[PDB]
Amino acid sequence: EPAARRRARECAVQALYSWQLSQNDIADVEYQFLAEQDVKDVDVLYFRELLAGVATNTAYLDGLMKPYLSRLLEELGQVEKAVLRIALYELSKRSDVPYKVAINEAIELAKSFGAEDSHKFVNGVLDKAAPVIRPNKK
């Protein structure tokens, strides 16, 4: 896939984090990010689609996630929550994004912005959640 798509995920992790903390209108959050962050190499369409995708679907995306969280208790990190919401969004709503790509990009996004062993927890949730969303695993 294009590096611009990966960049869009990276920028969406940051912007969705903005929104999670600020609860500003996601349109404003999109605009502000496009005006203040270097975005020259970014799939700007997909960035928009990831943002609104997640921001208007938080309840649905958290619900797909919850059954695999109910026990390991440290609230859940804001970066991890954004990474997981992106991954689940792609798995539920984006057929143009392949199964292994959604999970692999999530794992790398967690490596970059996440805590110490964030990638391993993100991995744990996803390959429990992903087969339930994509029985074909494609």
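Residue numbers here begin at 1 and follow the sequence given.
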item	value
Stretch with the higher entry mean CA B-factor, where the candidates are 99-107 and 65-73	65-73
Where the record places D25 (Cα B-factor, split into thirds across the chain)	lowest
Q32, C-alpha B-factor rank within chain (lowest, middle or highest third)	lowest
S92 by Cα B-factor - lowest, middle or highest third of the modelled chain	middle
Third of the chain's Cα B-factor distribution that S112 belongs to, per the entry	middle
